[PDB]
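Below is one structure, written out as structure tokens, with a few remarks after it.
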Amino acid sequence: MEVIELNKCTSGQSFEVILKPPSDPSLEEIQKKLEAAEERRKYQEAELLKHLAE
Amino acid sequence: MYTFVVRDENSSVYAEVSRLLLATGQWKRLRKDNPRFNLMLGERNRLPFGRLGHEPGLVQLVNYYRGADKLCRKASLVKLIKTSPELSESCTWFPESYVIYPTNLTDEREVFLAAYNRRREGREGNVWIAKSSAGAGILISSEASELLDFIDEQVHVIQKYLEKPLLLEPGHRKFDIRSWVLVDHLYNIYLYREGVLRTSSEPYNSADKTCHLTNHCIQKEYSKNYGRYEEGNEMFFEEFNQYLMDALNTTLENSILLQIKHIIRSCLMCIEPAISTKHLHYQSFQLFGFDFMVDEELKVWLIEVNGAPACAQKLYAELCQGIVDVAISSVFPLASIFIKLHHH
Amino acid sequence: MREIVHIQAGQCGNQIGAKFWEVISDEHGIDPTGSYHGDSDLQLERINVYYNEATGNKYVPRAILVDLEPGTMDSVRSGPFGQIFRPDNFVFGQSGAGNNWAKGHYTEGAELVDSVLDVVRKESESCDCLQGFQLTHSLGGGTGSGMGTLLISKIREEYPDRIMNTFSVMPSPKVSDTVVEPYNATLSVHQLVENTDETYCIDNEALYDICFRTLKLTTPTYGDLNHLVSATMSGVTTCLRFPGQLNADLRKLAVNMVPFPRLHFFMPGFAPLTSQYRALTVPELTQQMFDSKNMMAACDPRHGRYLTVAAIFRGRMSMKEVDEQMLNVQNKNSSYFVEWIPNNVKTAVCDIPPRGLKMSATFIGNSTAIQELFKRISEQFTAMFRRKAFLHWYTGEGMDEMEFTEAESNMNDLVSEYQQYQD
Amino acid sequence: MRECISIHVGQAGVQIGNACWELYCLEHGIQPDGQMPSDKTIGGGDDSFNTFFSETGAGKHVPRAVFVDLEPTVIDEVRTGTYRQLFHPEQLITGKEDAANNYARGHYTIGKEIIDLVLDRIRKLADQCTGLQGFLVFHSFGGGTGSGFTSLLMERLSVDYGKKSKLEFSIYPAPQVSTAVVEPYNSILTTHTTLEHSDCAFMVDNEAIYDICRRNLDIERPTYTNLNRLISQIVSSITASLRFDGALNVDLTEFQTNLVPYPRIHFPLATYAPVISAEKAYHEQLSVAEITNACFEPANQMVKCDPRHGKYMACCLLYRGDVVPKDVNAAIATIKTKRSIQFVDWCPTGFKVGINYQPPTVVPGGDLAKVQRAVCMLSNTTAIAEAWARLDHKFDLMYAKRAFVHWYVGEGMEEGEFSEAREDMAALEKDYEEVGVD
Ligand SMILES: Nc1nc2c(ncn2[C@@H]2O[C@H](COP(=O)(O)OP(=O)(O)OP(=O)(O)O)[C@@H](O)[C@H]2O)c(=O)[nH]1
Ligand SMILES: Nc1ncnc2c1ncn2[C@@H]1O[C@H](COP(=O)(O)OP(=O)(O)CP(=O)(O)O)[C@@H](O)[C@H]1O
Ligand SMILES: Nc1nc2c(ncn2[C@@H]2O[C@H](COP(=O)(O)OP(=O)(O)O)[C@@H](O)[C@H]2O)c(=O)[nH]1
Ligand SMILES: COc1cc(S(=O)(=O)Oc2ccc3[nH]c(C)cc3c2)cc(OC)c1OC
Ligand SMILES: [Ca+2]
Ligand SMILES: [Ca+2]
Ligand SMILES: [Ca+2]
Ligand SMILES: [Mg+2]
Ligand SMILES: [Mg+2]
Ligand SMILES: [Mg+2]
């Protein structure tokens, strides 16, 4: 049981009590996968229109 | 109408319980993977406690207590009693045990050697026994070098073998008292009024491991006198109480059962703050099997606790009905055989 | 504003569609002239979903009336709410489809479909955010069956990112006009499998049985059958037409109700069945709602399993009690719901009840038992097609036997797909 | 003074953020028109509350917040609400059609059309910061916008603000108050793509909040307003250190330092006490020991789980009200004997404690009674992995039949992204087990 680092001020106070010691991708890579999804989306819509055209 | 699922096909106890629930006409059994259930008869290994008590408008009950493995495993039971202040290492009703890790693999290897060497110098009996949770592999040796070399060949424990056990006069054999304990969702400790004695069929010899291990399976294979004295090498309480009154001038309730009820309460009250489900989002009950051994001074010793016990053939009808009455129907009402061990 | 364009094709589609507009105009306080005369402002919060506001605070349905005959649409224009529809939105022919799918889809309807799409385009252009289209039609005739599916196919080509929704009336020998209804239905079903997001399967066999067995009507008329359709259509559009904390739209319904794109045929149900002064309790509404006798698809739910369920309760009631009864149904009959779609039952409550009822409940179920309906249609189709009976009515319009064989195969495949998810 | 920007995405983020800023104004004495009488430095100042509020020349205190939703209905309530005068229209961003509970529709299709606009509006607030700490992101796991667009936003924020922390307040899906059957799909997808971008995430399970409202507040059917007002109290306790003078968790970096030893294990479990119904005339004001003990009761946690069956890595005690350090230490010694608090061997068994003298503020006429002392505990427990296991099991049930997958593929997603997102979750459960082994 030990209280350490007691800081006080007007709005409150804080402290630490110890009980036992111990024993990113770039913007390019984002847009590549984003536009890849829009490409598959556009491919799937083209196939639908091709099916509808038939 | 209530719902329950089955996830332990090998459970001979809850196979009868599931039959009784369907026999009442107010319990419907579902598929093992259906989430909309009121009761779960879960499996032994890796029970999904994290998924229980999350269905809206469904009071869910499970037949196991999460965290009860600390009392039903060899290494954890010894570690529990030593560390728990309630039980303490000065516990008088538990044989002196030590946790031993294999050399191939904390550990208490040197601690076991210290107490062993004292007994040799003190002219006292220095017989010990080694076993583990992976048993059917048990070695009973008087020399410490034999036990440690056998463990090296999982986690094992070594405790003091009862060199002077209580032997029934008509046969000079060793018995093994099994008591069934049911703890419900309210953590009431119910002890079944009926117990069994897995007696041996061979005379105990101080100098072989047939007259030393009183298991029902071992006494059926290694022993040929199976059923010579009592049927199935299983003596019930009514017969064993009479023998005490005729050969020892005492009763089972006073000489033995008082200590048994004390050991049951002490173990279960110790782990109550860790497994209690009073404020939890789901409830738990569980049947336990306690194994005891009595010495010549009529003192009861605790061997181990079973989380998935098997009842005696005669007592299946009465015990499994009692499980439904006080553990299942108490939470799910429909349209005594226990001794309540009161506590705080 | 999430607007919906309504289209009604054929005799059945227009008669059922006209009743639908008659029912919901009353619920929103819109008189046959088109003026609002209600009390609650909740009647106008989402009035734009089905109505266009004209000059002088006039509300005109966003409806398009299509037929190859002038007869039924003349009845609608002379009906109770006939003066509410746009005169421009009456697109009709003169020859008719003759209860022939080929005439509606290939020969006679082809001559009229382009003019219909101009009205569809005119309505869609004036929408702030068009969410999709809903079509009312039967599958056993020629116009609503043949031309309706042609319209759906062409609408999808021009609006591929919009929701296609249909109220499709299935034929039945109990209420039958021609023997070639299984031919028309099987041809239409294949179209609906590919080109609709949600189809409310309204079975005339179910409607007849409800009128006969339940409502105790010896000789049910089409008006009696259409009364059940009006109650169902009002119920299944309650979340669209009235405000709630769900922000219901057609796309959200499709996403949650349809786990596999081809299995989008819903079983509608309604309670209480009406043709009357006693109020109905919440437990009674829930029990009747899941009862097979209140289903509009003539299928036994206990013969299959529910993939997804959407339930709508209407009236002033205890939402706490509604959740009690809905959970009771699921936890009781859990064997009739799939265990691999968690929380597959959705409940919404609307305070405004329908006209003449204090309490009502509407059921929308995607059950695999709907395969019985397609099995029934398929069996009636095969019995004639194996002998090529009445095929000359279709081959004379340019069709080939192979197209019927493909439709039969797609029909049986749909049954196979519904069957595999029942185990 | 170092500023913080709050970002509210989707319906849950906007409405919860609406409740939070309502509570912030009450706590700081800011009126619904942005006027703060207690503020003496007009148009400037580097005080503690300026980390969340900027000041105009006219003395109006404007939140440093951005509200984003792909549908206009929810944010229109903010535009016509009591605190409409707080924000300016640049902060409120709306689309026309929502994501329809589809992660792909909010991430790839509709999110891609609005991601640049949102970043621009965020940059408009970032340029008004002398030193920006990072972002507080409010969103739901279940919603298409709350899951799909947040993950896209978090990816871009890590690129444009790579040196800034990002904290999450995430609404875990619950059937009691739910909106979609595909929420398990969205929850797994958004956690996989945000795991490497979020420094610390506070999960709030709607099941826990629902039960607390029913149990403690005696609410028959809790509404979103009831849930959000309770949630804002937890959020206020967590962010009270950023908005008031203090020394514990004074900046966003300190949340990761004090609560996140392993970067992937950044989901602290929050427990709050006491929750007292205002309908009661006068309830017994609980003591410091009583509210501290309640922190170890599962019924008061924001995620239903069992901390007894899980090792601790860190623990914070954030008290608000009449609390002195002597009481806290006395309570802790009592609790350590009765409760089973097992830390990991590689961490010190200890408690970081912060006390704010100002008692918790409640909405006038609300359901939460005013109390003289409250505590919010932030404990990084491995027991929170139960929530991931529940979520992953529901994911596995639907995905075994590929149910509803076609809706995501139709927006450009690949079926392999589901398995990739799921395998990451399997690894996350493995990491939790490796730390909580006995
Ligand atoms: N606590 C709380 N949870 C909410 C609130 N609103 C929605 N949710 C939860 O959020 C989940 C759905 O996410 P939403 O925020 O509603 O959806 P969204 O982010 O707007 O995305 P869309 O699908 O485009 O509507 C559901 O599981 C709800 O339980 C709220 O106000 N408070
Ligand atoms: N310390 C000891 N002294 C004397 N006998 C002992 C002993 N420890 C074990 N035994 C004997 O060995 C037998 C088997 O030990 P134990 O009870 O651990 O076996 P097990 O784990 O197979 C029982 P269960 O079938 O309940 O799991 C006991 O029944 C008892 O006869
Ligand atoms: N429920 C209902 N079914 C109808 C109605 N009119 C026709 N039907 C059914 O629809 C089929 C006839 O289709 P019909 O609408 O007359 O063909 P169309 O006008 O050429 O599109 C038959 O199976 C009838 O049972 C109606 O008003 N209500
Ligand atoms: C337009 O019709 C409706 C739309 C909606 S929805 O927009 O909220 O979609 C959802 C959302 C979550 C869901 N969960 C399940 C199992 C289905 C489901 C549907 C709800 C309805 O009633 C419940 C409707 O009926 C009138
Ligand atoms: Ca012509
Ligand atoms: Ca200032
Ligand atoms: Ca980062
Ligand atoms: Mg044994
Ligand atoms: Mg006709
Ligand atoms: Mg939304």
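What you see below is based on every heavy atom in this structure, not just the backbone, and it leaves out hydrogens, waters and symmetry mates. In what follows, chains are A, B, ... by sequence order, proteins preceding strands, each numbered from 1. Ligands are counted one by one from 1 in listed order, and the atoms in each one are counted from 1 as well.
The backbone N or O of B:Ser11 sits less than 3.5 Å from a side-chain atom of B:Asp8, completing a donor-acceptor pair.
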Using residues 302-315 of chain B as the side-chain source, report each donor-acceptor pair under 3.5 Å to any protein atom, sequence neighbours left out, with the distance given to one decimal.
{"from": "B:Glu304", "atom 1": "OE1", "to": "B:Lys74", "atom 2": "NZ", "distance (Å)": "2.7"}

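Side-chain contact check for B:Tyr98 and B:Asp107: no donor-acceptor pair (N or O, by modelled atom type) lies under 3.5 Å. In this model, a donor atom of one side chain and an acceptor atom of the other lie less than 3.5 Å apart for B:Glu230 and B:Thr199. Judged by distance alone, the side chains of B:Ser200 and B:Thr214 never bring a donor and an acceptor atom under 3.5 Å apart.
Nearest residue to atom 25 (O) of ligand 2 from B:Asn215, B:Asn306, B:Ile140 is B:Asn306 (criterion: closest heavy atom). Nearest-heavy-atom check against atom 28 (C) of ligand 2 across B:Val157, B:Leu213, B:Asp176 picks out B:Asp176.
B:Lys174 forms no cation-pi arrangement with B:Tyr204, by the criterion of a distance under 6.0 Å to the ring centre and an angle within 45° of the ring axis.
The protein heavy-atom contact nearest to atom 31 (O) of ligand 2 is B:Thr214 OG1, 2.9 Å. B:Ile303 CG2, 3.2 Å is the protein heavy atom nearest to atom 17 (O) of ligand 2. Looking from atom 21 (O) of ligand 2 to the surrounding protein, the closest heavy atom is B:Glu304 OE2, 2.8 Å. What sits closest to atom 6 (C) of ligand 2 on the protein, heavy atoms only, is B:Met293 SD, 3.9 Å. Shortest contact from atom 1 (N) of ligand 2 to any protein heavy atom: B:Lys160 O, 3.0 Å. At the top of the distance list for atom 3 (N) of ligand 2, counting protein heavy atoms only, stands B:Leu162 N, 2.9 Å. Atom 8 (N) of ligand 2 has B:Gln159 NE2, 3.0 Å as its closest protein atom, hydrogens excluded (heavy atom only).
Near B:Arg178, with a cut-off below 4.0 Å to any heavy atom, the atoms of ligand 2 are 26 (O). Those atoms of ligand 2 with a heavy atom of B:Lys131 less than 4.0 angstrom away are 8 (N), 9 (C), 15 (O), 16 (P), 18 (O).
Using a 4.5 Å heavy-atom cutoff, the side chains of C:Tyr183 and C:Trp393 are not in contact.
Crowding of B:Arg228 atom CZ: a count of heavy atoms from other residues, nucleotides or ligands under 6.0 Å not exceeding 12.
The Ca ion (ligand 5) is closest to atom OE1 of C:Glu111 (considering only N, O or S atoms).
Ligand 2 is approached by B:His212 to a heavy-atom distance shorter than 4.0 Å.
Ligand 2 has no nitrogen or oxygen under 3.5 angstrom from a nitrogen or oxygen of B:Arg198.
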| said: Set out, in order, the CA-CA distance, both residues' side-chain angles and the distance that settles side-chain hydrogen bond (donor to acceptor under 3.5 Å, both in side chains) for B:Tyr161 and B:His212, then state yes or no. | reply: CA-CA 10 Å; B:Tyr161 183 85; B:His212 300 270; 2.7 Å; yes
| message | Applying salt bridge (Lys or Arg N to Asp or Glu O under 4.0 Å) to B:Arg198 and B:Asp291, what does each step give before you reach the verdict? | response | CA-CA 10 Å; B:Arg198 295 191 245 93; B:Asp291 295 356; 3.2 Å; yes
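Only side-chain heavy atoms of B:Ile129 come within less than 4.0 Å of ligand 2; its backbone N, CA, C and O stay farther off.
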